[PDB]
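One structure is given here, and the rest of the page talks about it.
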Amino acid sequence: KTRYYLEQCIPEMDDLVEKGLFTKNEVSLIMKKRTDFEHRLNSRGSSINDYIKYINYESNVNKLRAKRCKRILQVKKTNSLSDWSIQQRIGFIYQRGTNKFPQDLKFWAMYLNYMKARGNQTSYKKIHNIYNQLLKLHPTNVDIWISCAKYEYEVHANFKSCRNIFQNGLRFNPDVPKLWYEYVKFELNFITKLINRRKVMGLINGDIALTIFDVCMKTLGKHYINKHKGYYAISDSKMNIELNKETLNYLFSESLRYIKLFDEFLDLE
Amino acid sequence: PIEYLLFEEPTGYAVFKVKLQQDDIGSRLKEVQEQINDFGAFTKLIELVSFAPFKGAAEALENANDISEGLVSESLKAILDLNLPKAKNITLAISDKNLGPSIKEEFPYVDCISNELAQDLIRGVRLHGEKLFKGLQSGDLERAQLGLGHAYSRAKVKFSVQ
Amino acid sequence: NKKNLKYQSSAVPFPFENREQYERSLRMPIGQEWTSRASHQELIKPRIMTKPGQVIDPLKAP
Amino acid sequence: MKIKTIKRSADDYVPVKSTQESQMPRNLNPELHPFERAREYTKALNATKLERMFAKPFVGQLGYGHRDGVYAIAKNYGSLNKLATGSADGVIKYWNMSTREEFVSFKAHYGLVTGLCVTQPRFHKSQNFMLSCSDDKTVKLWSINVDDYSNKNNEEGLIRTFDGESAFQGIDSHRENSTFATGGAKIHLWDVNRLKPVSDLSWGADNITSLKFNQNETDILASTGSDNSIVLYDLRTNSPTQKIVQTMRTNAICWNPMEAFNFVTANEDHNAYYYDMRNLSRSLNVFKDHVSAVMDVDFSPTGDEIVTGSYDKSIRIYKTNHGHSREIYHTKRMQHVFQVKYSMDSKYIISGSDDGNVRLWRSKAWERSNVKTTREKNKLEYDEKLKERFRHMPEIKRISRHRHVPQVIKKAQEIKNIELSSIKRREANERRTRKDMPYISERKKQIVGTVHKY
Amino acid sequence: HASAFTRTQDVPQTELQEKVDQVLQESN
Amino acid sequence: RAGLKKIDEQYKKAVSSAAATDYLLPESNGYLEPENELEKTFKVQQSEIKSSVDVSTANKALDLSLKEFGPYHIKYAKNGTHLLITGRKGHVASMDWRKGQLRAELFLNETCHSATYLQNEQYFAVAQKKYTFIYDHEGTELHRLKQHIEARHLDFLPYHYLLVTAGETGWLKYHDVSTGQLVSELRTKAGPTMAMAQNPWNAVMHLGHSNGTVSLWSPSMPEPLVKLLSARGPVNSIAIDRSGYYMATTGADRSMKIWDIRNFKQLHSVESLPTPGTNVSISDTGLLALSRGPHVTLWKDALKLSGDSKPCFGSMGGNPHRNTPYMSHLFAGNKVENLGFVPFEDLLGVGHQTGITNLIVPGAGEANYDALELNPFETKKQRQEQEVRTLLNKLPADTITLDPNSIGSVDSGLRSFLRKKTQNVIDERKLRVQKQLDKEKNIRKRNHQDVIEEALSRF
RNA sequence: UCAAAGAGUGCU
């Protein structure tokens, strides 16, 4: 069905010549290369690199069109299919690549970055669904959970949503000390902003983390006990005593990082 | 009336979404049965929607038991919670009827299926195995099955190095 | 130059209501050799469609 | 000078990658594609040939069937693969159509099962229910354990009985509410929670042979009487609405699922009559392709098809807008078709014949139920219009129309044609001399009279 | 559709969710 | 009316789709148009053009100089991948000039008048004197067409699989390759046939005769459809464009005529030829090829309504109305055996005494080939599958008619003796009752539409 | 090697 994708380009390419930005011969060069790319994607042996090179191609085509618009048309945006057509396609190619290669973590990031960069074109809701899909293919990679938690605490400043991320992320990945460290880091940021707002409120006129500290310590030990024991319990008493030693030291080191973390927050006691 | 399919792997738990519903009246027709063997046809029926690998060897055995006595683990609860919409009632296809009541208790809004239609798809999922995971990291099932095998067995017999 | 009765249709087929109607259509080449891939799809789509494995319930109140 | 020559890039047409698909350049200039007319016709002719081949309508039978001739078939409107059957032996069965086995079998009545229906009673997921009536003057409610869901884990058997002073000959259940109506010597409305008949409906002393609830205007009911009459009712008014008397008795009635005001009637004059509920003075359509009385009729859940089960050991398929069957199904193993029903997906046909076996047929014999590839879907679909397009070409008609009908049916048709020709010649002779011979529309001959004139 | 961003349980499934919500009711 | 506007709606959508595909067309055919008015197209010589074209194009250009059986009647496969050549004294060789491997060699020392490729490159047909032979790619002869005798021109129809043979005899035979039986035999009675050509649009064969009358022919038909004299003198050759709208003839009296089949009119006439043209070929683009003995003159846009588009030798003081040859080439010490346009190539084949030479001509071939129909780069696995599909969609012979768009239109003992007599009596009754109806039908029409003589009118 | 003809495997 390579043609079916190809025919979608014709109304766009017709718009280019009609506006006069691109000559007949020039567009033929564009369509030819597009034709070459589509066959590669639709064929066996296609790789994620194949989607990347195609995606890079349109971006340069997009730059040529807009840059040409100022030189020839002398208009910021010509009201026609051409202006938003390329941007629709690039997202479409990406979606195919993500579906075609969900495993490649790298290729997703381009979509989140690409989708995020053109915020005006692309509503945050579209960004949400991609994260919903991406978390949900890879629940065990903590680095998503912080990433989407990150995005909606800075771009949107919706702490209620960001907190739910850590709650869900911790539900899947309770043994990752980093995400706990990341979750307490967010909470203390929320408290510091809140009290600073309170200070500003006066001028113009936290315990929660410690609970995270405590509950974190219990589960990490529980999982660290699970590992180093394998399928079965340890019959030897002395070895069982040892397994208590590593967790204490592992938990002690895991505590010590927070002791460093608290040091940053001057506002807090 | 099925939309989501629950499957379990030695590496983890896999959920599938049923894009197309096979004919139920003609379930026994050779032509529908040949499709289950055919990977190309099968991919049109379902699509892998989630996979959450087990954290380590210990977790797999614990879940391997919990599946055996028809119980829901914390890992299973988390996955189903994230995937199944609240919704009249979303339908989930499951191999075990005994896991049915357990799933219903934790999630009142899900209705489980274990009819031959569900079994037919579950067979297809297990037929193609890692090919349906579309490149996702599921290790090697055959070795992981070997990994859990005596591990599940020796546990019940209470085998020990002593 | 007499036309061959073998290839002359007996009567105007349904849904076309008059003789000139059928020749206007019959000038159309349906095949994809004369039609674009997209254009082929709208023509070839039939009026009645159903999805396998679902009950077609009676129409709800308009 | 300025010179250009045709220039072929080897890489563009021959991919460097072995796995990459080669380019298929397209030029739609009509000059490059001559004989568009001949090519399409030839493909249409080939497609017509392909169609007759794959027509393998029979798929199988449900278990070992019933004890005596099956006379009552009820289909679960809320579910695809469950079906209820009854035979004159007094036994009723619930079938798992997907597995072609039985859920449960009950010896429901001493006499004949004269009406069977599936419902979902509202007593004031794990079980289904049917209503069975018989000439033994009792109606029995049954509960069946089903494996559709595994959210639980019994009480399978009779739930309730409704006694009647007179024998009952047919039953139907209101879709929206638990109320159901039973037709014997006199048509009643019943409630599941009331043992006595809740209300009595009757045009007159005449007995009712069959009934069928409307599927969209669920408060409307239609019935058939032994006096060759069709009676309409409205539950909201709790009274009969219209009565029309036919030349013949009608065995069965079905409401069109897409037109709430439109229904079809199975008749004893080898015909099925398609009627508008608002103007009964005429018929919307007539179907005449059977050679014996039509016992049963139904509407497709798609609404574009009806079937007519006839005493002549055959089943026919009719387009609603066309007055002649597009298809005929038969076997030596047919003895007397009494019931015909659809799968709720509109893909399969259920037939009940007095030999005691229940069978399944493909709605379109050539169609196959596997999921098709897009390439398969396009081509299989592509053949469809070209057949619809060149439908009246002589050779296409000769191949497409042909069916193997039993010798008994054809000879009846040949004699039947000789009847009509001999008749037609006779009235034609009359019109030469008689001054006043009013022309009677075929759509009105079957109507003898209507009570309410308009 | 089920979304991680909005909590879909309507009750706190994880014991962490029990502890945090207790403070939030306590705080304000 | 509204439904027809709807039906007409898909037409505007359909033609737009055709334009949309026309938009996509991968390649463009070669052009040649002067920068400077002083320099003209008919002084430019091939060697300079040979230098201009690419190295591959020069390598693609083929020049095969053989005298053992020359002159040489060149022939190109429909796809153009494989080229079939038959010498004058009559050996025939099949090879892929592009691939660089000969498919078959045939060194028979019997005079052959022409040759033609069959359904595929694998099988092809050659015309020996007094018989017609069929050969394989391997070079073996599958069979011999006993019926076909004294065949000069052999032509094969791909979709209908019909092979047609023209000869001096006046007997003509149609043979379908797949079936193996000749569809029909027809005698023109007009004597020998100098020229045979087919119009692909209608699939109607064209036969010329010494009187000058070019004759259209059909399989099912017992006669020729149409009778048209181009010239006083015998026609040397007849050329039909692929579209079929245009048909050209050159008379032996040095006259060139341009005709149109659709309206059946003579488009243009030229007497300026110094001597009769040996052979005539028409490009897919409409460019016309005239071969007179040594020199071949090419006219761009020869097929057009305007009288100025008509071919004209030289010019009248650089008059713009006069139309000069678009290319003029001469082979010194040579005569043109035949002219053949190379399929899907910007190239014109030329047949001549010294051997086979191929002349590069801008715009000669159609730029963008239809792969579904024919693909030069068709692989052998696809090739066989294409054949089978063509077999499945083979067009019957009787489908051939003057117009394809017309088709589909809507328009015992004693007992037997007693038995014989009774059915007779029943027959007289039928005839007589029908007639009693006939007068009664006559009476209704009649009803619908001297004083003493009145005094006695009652009597 | 080409060159024509077979019989399976992978996969869209």
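Is it the case that the range B:4-18 has a residue that's within 16 Å of RNA strand G (Cβ to nearest atom) and within 14 Å of chain C (Cβ to nearest Cβ)?
No, the range B:4-18 contains no residue that is within 16 Å of RNA strand G (Cβ to nearest atom) and within 14 Å of chain C (Cβ to nearest Cβ).
Output the residues belonging to the range D:144-177 that are in a strand (DSSP E or B), surrounded by fewer than 19 Cβ atoms within 10 Å (Cβ to Cβ) and polar (S, T, N, Q).
Residues satisfying the conditions are D:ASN145, D:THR161.
If you scan the range B:43-65, which residues turn out to be within 14 Å of the chain's Cα centre (by Cα) and surrounded by fewer than 20 Cβ atoms within 10 Å (Cβ to Cβ)?
Answer for the range B:43-65, where residues must be within 14 Å of the chain's Cα centre (by Cα) and surrounded by fewer than 20 Cβ atoms within 10 Å (Cβ to Cβ): B:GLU47, B:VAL49, B:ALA64.
Name the residue that is farthest from RNA strand G (Cβ to nearest atom), counting only residues in the range F:90-123 that are under 22 Å from the mean Cα position of the chain (by Cα) and outside any loop (DSSP other than H, G, I, E, B).
Ranking the qualifying residues of the range F:90-123, first place goes to F:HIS113.
Looking only at the range F:309-320, filter to residues that are assigned to a loop (DSSP other than H, G, I, E, B) and surrounded by 12 or more Cβ atoms within 10 Å (Cβ to Cβ); which one of those is farthest from the chain's Cα centre (by Cα)?
F:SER315
Condition first: under 20 Å from D:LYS347 (Cα atoms) and within 14 Å of chain B (Cβ to nearest Cβ). Now tell me which residues in the range D:53-76 satisfy that.
Scanning the range D:53-76 gives D:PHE54, D:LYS56, D:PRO57, D:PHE58, D:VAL59, D:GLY60, D:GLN61, D:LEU62, D:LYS75, D:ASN76.
Somewhere in the range B:144-152, is a residue more than 16 Å from RNA strand G (Cβ to nearest atom), farther than 29 Å from D:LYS82 by Cβ, touching a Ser or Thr at 6+ places or on another chain (Cβ under 9 Å) and not hydroxyl-bearing (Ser, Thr, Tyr)?
Yes: the range B:144-152 contains one or more residues that are more than 16 Å from RNA strand G (Cβ to nearest atom), farther than 29 Å from D:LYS82 by Cβ, touching a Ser or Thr at 6+ places or on another chain (Cβ under 9 Å) and not hydroxyl-bearing (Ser, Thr, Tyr).
Only one of these is of a type outside the set (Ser, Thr, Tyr) and within 12 Å of chain D (Cβ to nearest Cβ): F:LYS67, F:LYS60. Name it.
F:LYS60
List every residue pair whose Cβ atoms lie under 6 Å apart, where the two residues are 6 or more positions apart in sequence or sit on different chains, the first residue falls within the range F:407-418 and is within 14 Å of another protein chain (Cβ to nearest Cβ), and the second residue, located anywhere, is surrounded by 11 or more Cβ atoms within 10 Å (Cβ to Cβ) and acidic (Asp, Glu).
none
Taking the range F:241-268, which residues are under 19 Å from F:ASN338 (Cβ atoms), of a type in the set (A, V, I, L, M, F, W, C) and surrounded by fewer than 22 Cβ atoms within 10 Å (Cβ to Cβ)?
Once the filter is applied, which keeps residues that are under 19 Å from F:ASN338 (Cβ atoms), of a type in the set (A, V, I, L, M, F, W, C) and surrounded by fewer than 22 Cβ atoms within 10 Å (Cβ to Cβ), the range F:241-268 yields only F:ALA252.
Can you find a residue that is among the aliphatic types (A, V, I, L, M) and either over 26 Å from C:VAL55 (Cβ atoms) or in a loop (DSSP other than H, G, I, E, B) (or both) anywhere in the range D:305-318?
No; the residues of the range D:305-318 include none that is among the aliphatic types (A, V, I, L, M) and either over 26 Å from C:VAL55 (Cβ atoms) or in a loop (DSSP other than H, G, I, E, B) (or both).
Of these, F:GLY365, F:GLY351, which one is touching an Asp or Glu at 6+ places or on another chain (Cβ under 6 Å) and within 14 Å of chain D (Cβ to nearest Cβ)?
Of F:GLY365, F:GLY351, the one residue that is touching an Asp or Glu at 6+ places or on another chain (Cβ under 6 Å) and within 14 Å of chain D (Cβ to nearest Cβ) is F:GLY365.
Pull up the range F:79-89, narrow it to residues that are more than 16 Å from RNA strand G (Cβ to nearest atom) and in a loop (DSSP other than H, G, I, E, B), then point me to the one that is nearest to F:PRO200 (Cα to Cα).
Of everything passing the filter in the range F:79-89, F:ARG88 is nearest to F:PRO200 (Cα to Cα).
If the requirement is being within 14 Å of chain A (Cβ to nearest Cβ) and either hydrophobic (A, V, I, L, M, F, W, C) or within 16 Å of RNA strand G (Cβ to nearest atom) (or both), which of these qualifies: D:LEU50, D:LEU28, D:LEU32?
Step by step, each of D:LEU50, D:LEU28, D:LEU32 is checked, and only D:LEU28 is within 14 Å of chain A (Cβ to nearest Cβ) and either hydrophobic (A, V, I, L, M, F, W, C) or within 16 Å of RNA strand G (Cβ to nearest atom) (or both).
For the range A:13-53, give me the residue count where each residue is more than 17 Å from D:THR19 (Cβ to Cβ) and either more than 10 Å from every other protein chain (Cβ to nearest Cβ) or not polar (S, T, N, Q) (or both).
Residues in the range A:13-53 being more than 17 Å from D:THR19 (Cβ to Cβ) and either more than 10 Å from every other protein chain (Cβ to nearest Cβ) or not polar (S, T, N, Q) (or both): 21 in total.
How many of the residues making up the range B:32-47 are within 13 Å of RNA strand G (Cβ to nearest atom) and in contact with a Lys or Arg (Cβ under 8 Å, 6 or more places away or on another chain)?
3
Just name the residue that is surrounded by the most Cβ atoms within 10 Å (Cβ to Cβ) out of those in the range F:134-180 that are within 14 Å of another protein chain (Cβ to nearest Cβ) and away from RNA strand G (no atom under 16 Å from the Cβ).
F:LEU162
Restricting attention to strands (runs of 3 or more DSSP E) lying wholly within the range D:57-122, give those where 2 or more residues are crowded, with 21+ Cβ neighbours inside 10 Å.
Of the strands (runs of 3 or more DSSP E) lying wholly inside the range D:57-122, those with at least 2 residues that are crowded, with 21+ Cβ neighbours inside 10 Å span D:70-75, D:82-87, D:91-96, D:113-119.
For the range F:93-102, check the following and say yes or no: at least one residue is surrounded by fewer than 21 Cβ atoms within 10 Å (Cβ to Cβ) and in contact with a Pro (Cβ under 6 Å, 6 or more places away or on another chain).
no
Considering only residues that are within 9 Å of another protein chain (Cβ to nearest Cβ) and either within 19 Å of D:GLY78 (Cα to Cα) or of a type outside the set (D, E, K, R) (or both), look in the range B:90-104 and name the one that is farthest from the chain's Cα centre (by Cα).
Only one residue tops the list, namely B:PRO101.
If I filter the range F:373-389 down to residues being surrounded by fewer than 20 Cβ atoms within 10 Å (Cβ to Cβ) and part of a loop (DSSP other than H, G, I, E, B), which single residue comes out as farthest from RNA strand G (Cβ to nearest atom)?
Once the filter is applied, the top-ranked residue is F:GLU373.
Would you pick out the residues in the range F:249-270 that are touching a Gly at 6+ places or on another chain (Cβ under 9 Å), in a strand (DSSP E or B) and not aliphatic (A, V, I, L, M)?
Residues satisfying the conditions are F:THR249, F:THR250, F:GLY251, F:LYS257, F:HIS268.
Please enumerate the residues belonging to the range C:1-37 that are closer than 19 Å to F:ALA14 by Cβ, assigned to a helix (DSSP H, G or I) and facing chain F (nearest Cβ under 7 Å).
C:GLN21, C:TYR22, C:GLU23, C:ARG24, C:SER25, C:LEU26
Among the listed residues D:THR19, D:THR5, identify the single one that is within 16 Å of RNA strand G (Cβ to nearest atom), β-branched (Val, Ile, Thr) and within 24 Å of F:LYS99 (Cβ to Cβ).
After ruling out the rest, the residue left standing is D:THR19.
Is there a residue being assigned to a loop (DSSP other than H, G, I, E, B), β-branched (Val, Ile, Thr) and within 28 Å of F:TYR72 (Cα to Cα) anywhere in the range F:287-305?
No; the residues of the range F:287-305 include none that is assigned to a loop (DSSP other than H, G, I, E, B), β-branched (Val, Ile, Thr) and within 28 Å of F:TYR72 (Cα to Cα).
Restricted to the range B:114-135, and to residues that are among the charged types (D, E, K, R) and part of a helix (DSSP H, G or I), which residue is farthest from the other protein chains (Cβ to nearest Cβ)?
Among those that are among the charged types (D, E, K, R) and part of a helix (DSSP H, G or I), it is B:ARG126.
Being more than 16 Å from RNA strand G (Cβ to nearest atom), within 12 Å of chain C (Cβ to nearest Cβ) and assigned to a helix (DSSP H, G or I) narrows it down to one residue among F:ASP403, F:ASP398, F:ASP370; which is it?
So the residue among F:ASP403, F:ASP398, F:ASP370 that is more than 16 Å from RNA strand G (Cβ to nearest atom), within 12 Å of chain C (Cβ to nearest Cβ) and assigned to a helix (DSSP H, G or I) is F:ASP398.
Can you name the condition, by its number, that B:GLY56 falls short on among (1) within 14 Å of chain C (Cβ to nearest Cβ); (2) away from RNA strand G (no atom under 16 Å from the Cβ)?
For B:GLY56, the exception is condition (1).
When you look at D:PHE299, is it within 14 Å of chain C (Cβ to nearest Cβ) and either farther than 22 Å from D:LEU232 by Cα or of a type outside the set (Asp, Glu) (or both), yes or no?
For D:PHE299, the condition - within 14 Å of chain C (Cβ to nearest Cβ) and either farther than 22 Å from D:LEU232 by Cα or of a type outside the set (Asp, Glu) (or both) - is met.
With ideal geometry, Cβ positions are generated from the backbone for all residues, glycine too; neighbour counts draw on all protein chains shown. Where a number appears in this text, it was derived from the coordinates with a stated rule and is not lab data.
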